[PDB]
file input.txt (compact mmCIF, C-alpha atoms and all ligand atoms)
# COMPACT_ATOMS: atom_id res chain seq x y z
CA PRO V 1 97.23 47.37 120.90
CA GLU V 2 93.75 45.96 119.96
CA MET V 3 90.23 47.50 120.06
CA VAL V 4 86.91 45.50 120.21
CA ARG V 5 83.40 47.11 119.89
CA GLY V 6 84.73 50.54 121.01
CA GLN V 7 86.89 49.22 123.89
CA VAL V 8 90.65 48.60 124.60
CA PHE V 9 91.73 44.89 124.71
CA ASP V 10 95.53 44.84 125.41
CA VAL V 11 96.20 41.05 125.25
CA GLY V 12 98.84 40.92 122.49
CA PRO V 13 101.30 39.79 121.20
CA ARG V 14 100.49 36.19 122.38
CA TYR V 15 96.75 36.60 121.62
CA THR V 16 95.58 37.95 118.21
CA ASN V 17 92.54 37.66 115.75
CA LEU V 18 90.10 39.10 118.33
CA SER V 19 86.32 38.51 117.97
CA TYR V 20 83.58 39.81 120.33
CA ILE V 21 81.54 37.15 122.20
CA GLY V 22 79.49 39.03 124.83
CA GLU V 23 79.43 41.60 127.65
CA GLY V 24 78.25 42.08 131.25
CA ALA V 25 78.74 44.83 133.88
CA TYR V 26 82.52 45.79 134.00
CA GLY V 27 83.23 42.49 132.07
CA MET V 28 83.73 41.90 128.29
CA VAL V 29 84.40 38.55 126.56
CA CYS V 30 86.28 37.96 123.29
CA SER V 31 87.68 34.95 121.43
CA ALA V 32 91.34 35.08 120.34
CA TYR V 33 94.03 32.95 118.71
CA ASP V 34 96.73 31.84 121.18
CA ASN V 35 100.02 31.95 119.16
CA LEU V 36 101.82 29.72 121.75
CA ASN V 37 99.27 26.82 121.98
CA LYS V 38 97.95 27.38 118.39
CA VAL V 39 94.24 27.26 119.47
CA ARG V 40 91.37 29.73 119.95
CA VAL V 41 90.73 30.82 123.57
CA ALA V 42 88.21 32.91 125.51
CA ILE V 43 89.48 36.17 127.03
CA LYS V 44 87.44 38.06 129.60
CA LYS V 45 88.42 41.69 130.34
CA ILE V 46 87.58 42.88 133.89
CA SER V 47 88.05 46.43 135.34
CA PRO V 48 86.95 46.08 139.03
CA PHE V 49 89.33 48.38 140.96
CA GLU V 50 86.94 51.36 141.42
CA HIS V 51 84.33 49.19 143.29
CA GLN V 52 85.02 47.24 146.49
CA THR V 53 82.30 44.61 145.63
CA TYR V 54 83.67 44.06 142.08
CA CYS V 55 87.14 43.52 143.69
CA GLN V 56 85.54 40.99 146.10
CA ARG V 57 84.00 38.94 143.22
CA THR V 58 87.22 39.18 141.13
CA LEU V 59 89.40 37.97 144.02
CA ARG V 60 87.01 35.14 145.01
CA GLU V 61 86.70 33.88 141.41
CA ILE V 62 90.50 34.02 140.85
CA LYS V 63 91.42 32.30 144.19
CA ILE V 64 88.86 29.51 143.67
CA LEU V 65 89.61 28.81 139.99
CA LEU V 66 93.39 28.73 140.64
CA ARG V 67 92.95 26.11 143.41
CA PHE V 68 90.40 23.91 141.61
CA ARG V 69 91.52 21.30 139.07
CA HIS V 70 88.62 19.35 137.51
CA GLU V 71 87.37 18.31 134.04
CA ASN V 72 83.83 19.78 134.72
CA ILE V 73 85.06 23.14 136.03
CA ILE V 74 86.43 25.89 133.71
CA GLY V 75 90.10 26.51 134.58
CA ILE V 76 92.30 29.64 134.22
CA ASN V 77 94.93 29.20 131.42
CA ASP V 78 96.57 32.65 131.74
CA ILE V 79 96.10 36.03 133.49
CA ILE V 80 97.20 39.20 131.73
CA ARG V 81 97.82 42.41 133.67
CA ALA V 82 100.29 45.30 133.90
CA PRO V 83 103.73 44.52 135.52
CA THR V 84 103.08 46.93 138.48
CA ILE V 85 100.16 47.66 140.88
CA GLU V 86 100.19 51.36 139.77
CA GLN V 87 99.81 50.55 136.05
CA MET V 88 97.17 47.79 136.65
CA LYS V 89 93.71 49.05 135.56
CA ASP V 90 92.36 45.94 133.75
CA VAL V 91 92.78 42.19 134.31
CA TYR V 92 92.41 39.72 131.45
CA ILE V 93 91.49 36.10 132.18
CA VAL V 94 92.34 33.50 129.52
CA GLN V 95 90.17 30.34 129.53
CA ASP V 96 89.37 27.45 127.14
CA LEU V 97 87.00 28.55 124.40
CA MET V 98 83.67 26.66 124.61
CA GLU V 99 81.23 26.20 121.66
CA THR V 100 78.02 27.31 123.55
CA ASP V 101 76.27 27.42 126.96
CA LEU V 102 73.25 25.43 128.18
CA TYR V 103 71.11 28.64 128.17
CA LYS V 104 71.70 29.20 124.38
CA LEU V 105 71.19 25.46 123.70
CA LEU V 106 67.85 25.28 125.64
CA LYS V 107 66.48 28.24 123.65
CA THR V 108 66.71 26.42 120.26
CA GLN V 109 67.43 22.69 120.79
CA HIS V 110 65.42 19.75 122.04
CA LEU V 111 67.68 17.50 124.18
CA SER V 112 67.48 13.67 123.91
CA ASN V 113 67.15 11.64 127.16
CA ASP V 114 70.83 10.60 126.64
CA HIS V 115 71.99 14.25 126.44
CA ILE V 116 69.99 15.20 129.63
CA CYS V 117 71.52 12.20 131.36
CA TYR V 118 75.13 13.06 130.26
CA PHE V 119 74.69 16.78 131.08
CA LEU V 120 73.23 16.07 134.57
CA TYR V 121 76.01 13.60 135.34
CA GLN V 122 78.75 16.17 134.45
CA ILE V 123 77.01 18.95 136.48
CA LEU V 124 76.79 16.64 139.54
CA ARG V 125 80.39 15.39 138.95
CA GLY V 126 81.66 19.00 139.01
CA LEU V 127 79.36 19.89 141.94
CA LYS V 128 80.67 16.85 143.97
CA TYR V 129 84.25 18.36 143.57
CA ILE V 130 83.03 21.92 144.53
CA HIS V 131 81.08 20.68 147.69
CA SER V 132 84.04 18.45 148.66
CA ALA V 133 86.22 21.66 148.83
CA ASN V 134 83.55 23.10 151.30
CA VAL V 135 82.53 25.63 148.61
CA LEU V 136 78.98 26.60 147.54
CA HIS V 137 78.57 27.83 143.95
CA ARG V 138 75.34 29.80 144.79
CA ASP V 139 74.73 30.88 141.16
CA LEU V 140 74.09 27.63 139.26
CA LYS V 141 72.01 28.32 136.11
CA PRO V 142 72.07 27.29 132.38
CA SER V 143 74.12 30.34 131.33
CA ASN V 144 76.92 29.25 133.77
CA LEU V 145 77.24 25.83 132.16
CA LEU V 146 79.51 25.84 129.10
CA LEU V 147 79.59 23.10 126.44
CA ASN V 148 82.12 22.15 123.80
CA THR V 149 81.32 20.52 120.35
CA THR V 150 81.42 17.02 121.99
CA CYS V 151 78.94 17.94 124.81
CA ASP V 152 81.70 18.06 127.53
CA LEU V 153 80.33 20.40 130.24
CA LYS V 154 82.19 22.91 132.41
CA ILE V 155 80.79 24.95 135.36
CA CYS V 156 81.86 28.61 135.32
CA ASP V 157 81.32 31.92 137.30
CA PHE V 158 82.43 31.46 140.98
CA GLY V 159 82.03 35.21 141.68
CA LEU V 160 79.14 34.62 144.12
CA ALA V 161 80.70 31.50 145.73
CA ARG V 162 81.19 31.18 149.54
CA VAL V 163 82.64 28.68 152.01
CA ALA V 164 79.79 26.57 153.47
CA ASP V 165 78.63 27.73 156.94
CA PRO V 166 75.52 25.67 158.03
CA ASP V 167 75.82 26.97 161.64
CA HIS V 168 75.26 30.63 160.54
CA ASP V 169 72.56 29.91 157.90
CA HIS V 170 69.40 31.06 159.75
CA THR V 171 67.89 34.48 158.98
CA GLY V 172 64.62 36.48 158.89
CA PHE V 173 61.74 36.36 156.39
CA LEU V 174 62.17 37.94 152.88
CA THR V 175 65.69 39.28 153.47
CA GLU V 176 68.15 37.22 151.39
CA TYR V 177 69.17 37.74 147.70
CA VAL V 178 71.08 34.50 146.85
CA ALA V 179 71.31 33.01 143.26
CA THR V 180 69.36 33.97 140.13
CA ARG V 181 65.61 34.23 140.94
CA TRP V 182 64.30 31.21 138.96
CA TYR V 183 67.01 28.98 140.54
CA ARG V 184 66.59 30.25 144.12
CA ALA V 185 65.70 27.57 146.71
CA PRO V 186 62.40 28.25 148.71
CA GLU V 187 64.34 28.62 152.05
CA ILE V 188 66.13 31.78 150.67
CA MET V 189 62.83 33.71 150.86
CA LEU V 190 61.89 32.18 154.25
CA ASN V 191 64.83 31.68 156.64
CA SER V 192 68.16 30.89 154.87
CA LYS V 193 71.24 32.97 153.99
CA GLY V 194 72.15 30.28 151.39
CA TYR V 195 75.18 28.99 153.39
CA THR V 196 74.42 25.25 152.93
CA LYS V 197 75.16 22.80 150.06
CA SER V 198 71.37 22.14 149.69
CA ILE V 199 70.94 25.52 147.87
CA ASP V 200 73.15 24.23 144.95
CA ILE V 201 71.03 21.06 144.76
CA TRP V 202 67.83 23.03 144.37
CA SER V 203 69.45 24.96 141.43
CA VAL V 204 70.53 21.66 139.81
CA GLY V 205 66.90 20.41 140.18
CA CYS V 206 65.69 23.57 138.42
CA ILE V 207 68.23 23.00 135.58
CA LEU V 208 67.07 19.39 135.20
CA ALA V 209 63.42 20.51 134.97
CA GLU V 210 64.48 23.07 132.33
CA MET V 211 66.40 20.40 130.24
CA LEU V 212 63.26 18.22 130.24
CA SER V 213 60.87 20.94 128.93
CA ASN V 214 63.04 23.82 127.46
CA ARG V 215 61.20 26.25 129.87
CA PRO V 216 62.10 27.40 133.46
CA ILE V 217 60.03 25.37 135.90
CA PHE V 218 59.54 28.32 138.36
CA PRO V 219 59.47 31.50 136.23
CA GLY V 220 58.88 34.11 138.95
CA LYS V 221 58.33 37.57 137.39
CA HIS V 222 59.88 39.33 140.46
CA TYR V 223 61.48 38.40 143.89
CA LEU V 224 58.16 38.01 145.77
CA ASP V 225 56.52 35.95 143.00
CA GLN V 226 59.17 33.17 143.20
CA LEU V 227 57.68 31.41 146.27
CA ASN V 228 54.18 31.50 144.56
CA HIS V 229 55.59 29.45 141.57
CA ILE V 230 57.44 26.94 143.77
CA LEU V 231 54.36 26.29 145.98
CA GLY V 232 52.11 26.23 142.89
CA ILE V 233 53.98 23.02 141.77
CA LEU V 234 55.15 21.47 145.08
CA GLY V 235 51.89 22.20 146.94
CA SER V 236 51.47 23.28 150.57
CA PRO V 237 54.35 22.23 152.86
CA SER V 238 53.49 19.43 155.34
CA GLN V 239 53.21 19.96 159.15
CA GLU V 240 56.68 18.31 159.52
CA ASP V 241 58.26 20.78 157.02
CA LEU V 242 56.65 23.78 158.79
CA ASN V 243 58.01 22.60 162.21
CA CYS V 244 61.53 23.10 160.70
CA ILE V 245 60.63 26.80 160.10
CA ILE V 246 60.81 28.46 163.57
CA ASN V 247 60.75 32.09 162.38
CA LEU V 248 57.16 33.16 163.17
CA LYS V 249 56.92 35.61 160.20
CA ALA V 250 57.94 32.91 157.65
CA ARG V 251 55.74 30.23 159.33
CA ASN V 252 52.66 32.40 159.58
CA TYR V 253 53.02 33.50 155.95
CA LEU V 254 52.91 29.83 154.89
CA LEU V 255 49.97 29.07 157.28
CA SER V 256 48.04 32.08 155.83
CA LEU V 257 48.07 30.51 152.32
CA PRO V 258 45.11 28.45 151.03
CA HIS V 259 45.80 24.71 150.65
CA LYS V 260 47.43 23.84 147.30
CA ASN V 261 47.89 20.35 145.90
CA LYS V 262 51.11 18.97 144.43
CA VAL V 263 51.10 19.00 140.60
CA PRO V 264 52.48 15.47 139.71
CA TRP V 265 55.84 15.50 137.82
CA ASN V 266 54.46 13.04 135.19
CA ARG V 267 51.65 15.56 134.37
CA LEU V 268 54.19 18.38 133.93
CA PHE V 269 56.70 16.21 131.94
CA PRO V 270 54.79 13.39 130.13
CA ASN V 271 57.77 12.58 127.79
CA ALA V 272 60.32 12.34 130.71
CA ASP V 273 62.11 9.13 131.79
CA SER V 274 60.41 7.91 135.05
CA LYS V 275 63.88 7.65 136.75
CA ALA V 276 64.66 11.30 135.82
CA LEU V 277 61.36 12.42 137.46
CA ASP V 278 62.14 10.39 140.62
CA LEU V 279 65.53 12.17 140.87
CA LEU V 280 63.93 15.56 140.06
CA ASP V 281 61.46 15.07 142.96
CA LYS V 282 64.36 14.41 145.35
CA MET V 283 66.32 17.53 144.23
CA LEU V 284 63.23 19.79 144.27
CA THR V 285 62.21 18.83 147.83
CA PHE V 286 60.84 21.78 149.88
CA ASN V 287 62.60 20.86 153.16
CA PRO V 288 66.43 21.42 152.73
CA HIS V 289 67.15 18.71 155.38
CA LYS V 290 65.24 16.08 153.31
CA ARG V 291 66.71 17.30 149.96
CA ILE V 292 69.08 14.74 148.25
CA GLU V 293 72.89 15.37 148.54
CA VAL V 294 75.33 15.47 145.53
CA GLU V 295 76.82 12.02 146.28
CA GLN V 296 73.29 10.45 146.57
CA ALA V 297 72.19 12.16 143.35
CA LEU V 298 75.26 10.60 141.56
CA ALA V 299 74.23 7.13 142.86
CA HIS V 300 70.59 7.48 141.65
CA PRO V 301 69.37 4.80 139.11
CA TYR V 302 68.85 7.56 136.47
CA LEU V 303 72.68 7.97 136.32
CA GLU V 304 73.66 4.29 136.56
CA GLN V 305 75.36 4.20 133.10
CA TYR V 306 77.90 6.89 134.24
CA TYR V 307 78.18 6.34 138.01
CA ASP V 308 81.74 5.47 139.04
CA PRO V 309 82.82 6.85 142.50
CA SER V 310 86.51 6.13 141.72
CA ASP V 311 86.21 8.50 138.66
CA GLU V 312 84.29 11.30 140.56
CA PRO V 313 87.21 13.04 142.32
CA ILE V 314 87.17 15.20 145.46
CA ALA V 315 89.27 18.27 146.28
CA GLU V 316 92.80 17.77 147.68
CA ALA V 317 92.61 20.91 149.89
CA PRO V 318 89.18 22.19 151.07
CA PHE V 319 88.64 25.87 152.01
CA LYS V 320 88.81 26.09 155.86
CA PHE V 321 87.07 29.51 156.21
CA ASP V 322 85.77 32.43 154.09
CA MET V 323 88.05 35.47 153.65
CA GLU V 324 87.19 38.56 155.77
CA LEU V 325 87.04 40.93 152.72
CA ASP V 326 83.48 42.43 153.04
CA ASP V 327 85.21 45.34 154.93
CA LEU V 328 88.68 45.22 153.22
CA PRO V 329 89.29 48.50 151.26
CA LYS V 330 89.48 48.34 147.41
CA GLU V 331 93.24 49.26 147.69
CA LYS V 332 94.03 46.12 149.82
CA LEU V 333 91.90 43.96 147.48
CA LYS V 334 93.92 45.34 144.49
CA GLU V 335 97.21 44.15 146.16
CA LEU V 336 95.71 40.66 146.78
CA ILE V 337 94.51 40.38 143.15
CA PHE V 338 98.04 41.55 142.08
CA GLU V 339 99.70 38.91 144.37
CA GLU V 340 97.33 36.09 143.24
CA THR V 341 98.02 36.88 139.52
CA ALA V 342 101.91 37.10 139.82
CA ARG V 343 102.46 33.42 138.73
CA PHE V 344 101.35 34.33 135.17
CA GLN V 345 103.96 37.10 134.66
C1 LIG F 401 80.92 31.68 133.06
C2 LIG F 401 81.86 31.82 131.86
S1 LIG F 401 82.22 33.48 131.34
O1 LIG F 401 80.99 34.13 131.06
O2 LIG F 401 83.12 34.05 132.30
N1 LIG F 401 83.04 33.33 129.94
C3 LIG F 401 84.47 32.98 129.96
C4 LIG F 401 84.78 31.57 129.50
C5 LIG F 401 84.06 31.27 128.20
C6 LIG F 401 84.48 30.32 127.30
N2 LIG F 401 83.88 30.08 126.12
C7 LIG F 401 82.78 30.81 125.87
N3 LIG F 401 82.14 30.56 124.71
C8 LIG F 401 80.89 31.20 124.29
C9 LIG F 401 80.63 30.98 122.80
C10 LIG F 401 79.27 31.54 122.44
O3 LIG F 401 78.23 30.95 123.23
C11 LIG F 401 78.42 31.26 124.62
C12 LIG F 401 79.71 30.68 125.12
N4 LIG F 401 82.25 31.76 126.66
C13 LIG F 401 82.88 31.96 127.83
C14 LIG F 401 82.27 33.04 128.71
call {"tool": "encode", "arguments": {"input": "input.txt", "output": "structure tokens", "more": "lines below"}}
Ligand SMILES: *CCS(=O)(=O)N1CCc2cnc(NC3CCOCC3)nc2C1
result
Amino acid sequence: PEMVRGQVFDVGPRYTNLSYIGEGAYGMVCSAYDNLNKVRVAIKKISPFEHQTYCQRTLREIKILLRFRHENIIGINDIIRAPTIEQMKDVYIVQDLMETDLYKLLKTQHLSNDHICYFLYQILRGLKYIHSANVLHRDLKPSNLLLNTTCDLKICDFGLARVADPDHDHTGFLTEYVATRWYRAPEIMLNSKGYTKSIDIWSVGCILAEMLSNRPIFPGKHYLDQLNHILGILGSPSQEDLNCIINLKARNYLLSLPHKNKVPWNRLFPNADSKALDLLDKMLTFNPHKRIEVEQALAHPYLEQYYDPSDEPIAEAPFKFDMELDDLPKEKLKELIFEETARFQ
């Protein structure tokens, strides 16, 4: 077969010249030469079958990426697995190899206003397709945004994605654990389960702030510290925004806080394009109901050199409902993964 950094990687004969890229929990990524298409690809090895939650994420990611077809969304080129359910222990996902990710780029490179503009456009173009399919990404962050050598951007990792459910969004105070901390909308900590499109917009606003300065705008050190950073920049919510928060625990926590003034965007980002700061303000709006939508963000004057609604496609078939798999045993999830991957055999 093939071994990488003390681990089996049975992708051959089609894929050879294996080189380690990175690793996560139960997931390992390698680059490899595709002998059929004569190009280097990215191969992710997943072994989720012992954990029901890992099976959930694997199935969700596979189902979504197989249905989506968009230039700003990473596709699935091939899926490698054993010919039978009994012999299937690992799943290998073959995807286009990208040069870097926005996280790695932001750590060493200053972005020009043109780059920020092109990157934001592509993120919103991809996000318009995702929201049109009634899907929420729920984990938008720089490390989930891949880039090629020509700055073409692709959104990846749909493992935490859900079908939008605005009707069932309300919850209690300090309960929800949606997105990566620094990219978590303020409503997650107050009264939202993160079942509305507005949570993706907040994350995009955080990414834009990070492209402008090369630093996370709200670097909370822990879960409870996140709301302190957001309110430290945005200032105290208005009476109108507090009237939208009916949960007494969340409302009284906000009322207990001393008055804080809004730190102006121009003071935080003195080099930023004024139009980028106007758009940033609209994405990083405290009240989710007043927060700008993906289609409005695309039409903002900051993006006027790229804006073309006829070249910003929507999904052919939206997801009607979410799959009832939070209680499906790992064995039934294994069969579904097996069925979903059969087209690649
Ligand atoms: C969210 C993408 S991933 O982590 O599942 N994954 C699979 C797809 C892919 C494609 N290309 C690359 N390239 C690397 C090169 C080194 O810098 C980071 C990106 N990575 C991935 C990761």
call {"tool": "residues_around", "arguments": {"input": "input.txt", "residues": "residue 80 (chain V)", "least_positions_apart": "5", "cutoff": "9 Å", "atoms": "all atoms listed in the file", "output": "PDB file with C-alpha atoms, in the frame of the given file"}}
result
ATOM      1  CA  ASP V  10      95.530  44.840 125.410  1.00  0.00           C
ATOM      2  CA  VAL V  11      96.200  41.050 125.250  1.00  0.00           C
ATOM      3  CA  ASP V  90      92.360  45.940 133.750  1.00  0.00           C
ATOM      4  CA  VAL V  91      92.780  42.190 134.310  1.00  0.00           C
ATOM      5  CA  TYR V  92      92.410  39.720 131.450  1.00  0.00           C
ATOM      6  CA  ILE V  93      91.490  36.100 132.180  1.00  0.00           C
ATOM      7  CA  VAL V  94      92.340  33.500 129.520  1.00  0.00           C
ATOM      8  CA  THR V 341      98.020  36.880 139.520  1.00  0.00           C
ATOM      9  CA  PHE V 344     101.350  34.330 135.170  1.00  0.00           C
ATOM     10  CA  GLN V 345     103.960  37.100 134.660  1.00  0.00           C
TER      11      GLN V 345
END
call {"tool": "closest_atom_pairs", "arguments": {"input": "input.txt", "of": "chain V", "to": "ligand LIG 401 (chain F)", "cutoff": "6 Å", "atoms": "only C-alpha atoms and all ligand atoms", "output": "JSON lines"}}
result
{"residue": "V:42", "atom": "CA", "partner": "F:LIG401", "partner_atom": "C6", "distance": 4.9}
{"residue": "V:44", "atom": "CA", "partner": "F:LIG401", "partner_atom": "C3", "distance": 5.9}
{"residue": "V:95", "atom": "CA", "partner": "F:LIG401", "partner_atom": "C4", "distance": 5.5}
{"residue": "V:96", "atom": "CA", "partner": "F:LIG401", "partner_atom": "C6", "distance": 5.7}
{"residue": "V:97", "atom": "CA", "partner": "F:LIG401", "partner_atom": "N2", "distance": 3.9}
{"residue": "V:98", "atom": "CA", "partner": "F:LIG401", "partner_atom": "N2", "distance": 3.7}
{"residue": "V:99", "atom": "CA", "partner": "F:LIG401", "partner_atom": "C9", "distance": 5.0}
{"residue": "V:100", "atom": "CA", "partner": "F:LIG401", "partner_atom": "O3", "distance": 3.7}
{"residue": "V:101", "atom": "CA", "partner": "F:LIG401", "partner_atom": "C11", "distance": 5.0}
{"residue": "V:144", "atom": "CA", "partner": "F:LIG401", "partner_atom": "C1", "distance": 4.7}
{"residue": "V:156", "atom": "CA", "partner": "F:LIG401", "partner_atom": "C1", "distance": 3.9}
{"residue": "V:157", "atom": "CA", "partner": "F:LIG401", "partner_atom": "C1", "distance": 4.3}
call {"tool": "write_last_selection", "arguments": {"input": "input.txt", "atoms": "C-alpha atoms", "output": "JSON list (two decimals), keeping the file's coordinate frame"}}
result
[["chain", "number", "residue", "atom", "x", "y", "z"],
["V", 42, "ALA", "CA", 88.21, 32.91, 125.51],
["V", 44, "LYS", "CA", 87.44, 38.06, 129.60],
["V", 95, "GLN", "CA", 90.17, 30.34, 129.53],
["V", 96, "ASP", "CA", 89.37, 27.45, 127.14],
["V", 97, "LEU", "CA", 87.00, 28.55, 124.40],
["V", 98, "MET", "CA", 83.67, 26.66, 124.61],
["V", 99, "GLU", "CA", 81.23, 26.20, 121.66],
["V", 100, "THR", "CA", 78.02, 27.31, 123.55],
["V", 101, "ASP", "CA", 76.27, 27.42, 126.96],
["V", 144, "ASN", "CA", 76.92, 29.25, 133.77],
["V", 156, "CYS", "CA", 81.86, 28.61, 135.32],
["V", 157, "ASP", "CA", 81.32, 31.92, 137.30]]
call {"tool": "closest_residue", "arguments": {"input": "input.txt", "among": "V:186, V:27, V:205, V:172", "to": "residue 224 (chain V)", "atoms": "all atoms listed in the file"}}
result
V:186
call {"tool": "residues_around", "arguments": {"input": "input.txt", "residues": "residue 216 (chain V)", "least_positions_apart": "4", "cutoff": "8 Å", "atoms": "only C-alpha atoms", "output": "number ranges by chain"}}
result
V: 182, 206-207, 209-210
call {"tool": "write_last_selection", "arguments": {"input": "input.txt", "atoms": "C-alpha atoms", "output": "compact mmCIF listing (two decimals), in the coordinates of the input"}}
result
# COMPACT_ATOMS: atom_id res chain seq x y z
CA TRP V 182 64.30 31.21 138.96
CA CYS V 206 65.69 23.57 138.42
CA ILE V 207 68.23 23.00 135.58
CA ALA V 209 63.42 20.51 134.97
CA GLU V 210 64.48 23.07 132.33
call {"tool": "residues_around", "arguments": {"input": "input.txt", "residues": "region 111-115 of chain V", "least_positions_apart": "4", "cutoff": "8 Å", "atoms": "only C-alpha atoms", "output": "ChimeraX atom specification"}}
result
/V:106,119,211-212,272-273
call {"tool": "residues_around", "arguments": {"input": "input.txt", "residues": "residue 130 (chain V)", "least_positions_apart": "2", "cutoff": "10 Å", "atoms": "only C-alpha atoms", "output": "ChimeraX atom specification"}}
result
/V:64,68,70,73,124-128,132-137,155,161,197,314-315,318
call {"tool": "closest_residue", "arguments": {"input": "input.txt", "among": "V:332, V:262, V:154, V:275", "to": "residue 74 (chain V)", "atoms": "all atoms listed in the file"}}
result
V:154
call {"tool": "closest_residue", "arguments": {"input": "input.txt", "among": "V:149, V:203, V:16, V:72", "to": "residue 178 (chain V)", "atoms": "only C-alpha atoms"}}
result
V:203
call {"tool": "closest_residue", "arguments": {"input": "input.txt", "among": "V:233, V:59, V:252, V:35", "to": "residue 267 (chain V)", "atoms": "all atoms listed in the file"}}
result
V:233
call {"tool": "closest_residue", "arguments": {"input": "input.txt", "among": "V:263, V:116, V:217, V:185", "to": "residue 229 (chain V)", "atoms": "only C-alpha atoms"}}
result
V:217
call {"tool": "residues_around", "arguments": {"input": "input.txt", "residues": "residue 55 (chain V)", "least_positions_apart": "3", "cutoff": "10 Å", "atoms": "all atoms listed in the file", "output": "NGL selection string"}}
result
:V and (46-52 or 58-61 or 159 or 325 or 328-334 or 336-337)
call {"tool": "closest_residue", "arguments": {"input": "input.txt", "among": "V:285, V:243, V:228, V:274", "to": "residue 198 (chain V)", "atoms": "all atoms listed in the file"}}
result
V:285
call {"tool": "atom_distance", "arguments": {"input": "input.txt", "atom1": "CA of residue 109 (chain V)", "atom2": "CA of residue 299 (chain V)"}}
result
27.8 Å
call {"tool": "build_atoms", "arguments": {"input": "input.txt", "residues": "region 18-29 of chain V", "atoms": "N, CA, C and O atoms", "output": "compact mmCIF listing (two decimals), keeping the file's coordinate frame"}}
result
# COMPACT_ATOMS: atom_id res chain seq x y z
N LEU V 18 91.13 38.83 117.35
CA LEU V 18 90.10 39.10 118.33
C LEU V 18 88.70 39.19 117.73
O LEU V 18 88.51 39.84 116.69
N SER V 19 87.73 38.53 118.38
CA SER V 19 86.32 38.51 117.97
C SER V 19 85.41 38.57 119.20
O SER V 19 85.50 37.72 120.08
N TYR V 20 84.54 39.58 119.25
CA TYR V 20 83.58 39.81 120.33
C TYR V 20 82.66 38.60 120.56
O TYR V 20 82.17 38.00 119.60
N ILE V 21 82.44 38.24 121.84
CA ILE V 21 81.54 37.15 122.20
C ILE V 21 80.31 37.70 122.92
O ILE V 21 79.19 37.44 122.50
N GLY V 22 80.54 38.44 124.00
CA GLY V 22 79.49 39.03 124.83
C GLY V 22 80.02 39.98 125.88
O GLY V 22 81.23 40.14 126.03
N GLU V 23 79.10 40.61 126.62
CA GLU V 23 79.43 41.60 127.65
C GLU V 23 78.46 41.55 128.83
O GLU V 23 77.30 41.15 128.68
N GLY V 24 78.97 41.95 129.99
CA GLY V 24 78.25 42.08 131.25
C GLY V 24 78.74 43.35 131.93
O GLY V 24 79.56 44.08 131.34
N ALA V 25 78.27 43.64 133.15
CA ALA V 25 78.74 44.83 133.88
C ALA V 25 80.23 44.66 134.20
O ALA V 25 80.64 43.58 134.65
N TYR V 26 81.05 45.69 133.84
CA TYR V 26 82.52 45.79 134.00
C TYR V 26 83.33 44.58 133.40
O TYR V 26 84.56 44.56 133.51
N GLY V 27 82.64 43.65 132.72
CA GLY V 27 83.23 42.49 132.07
C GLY V 27 82.88 42.34 130.60
O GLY V 27 81.71 42.42 130.23
N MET V 28 83.90 42.10 129.74
CA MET V 28 83.73 41.90 128.29
C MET V 28 84.46 40.63 127.84
O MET V 28 85.61 40.43 128.21
N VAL V 29 83.81 39.80 127.03
CA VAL V 29 84.40 38.55 126.56
C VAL V 29 84.64 38.56 125.06
O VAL V 29 83.76 38.94 124.28
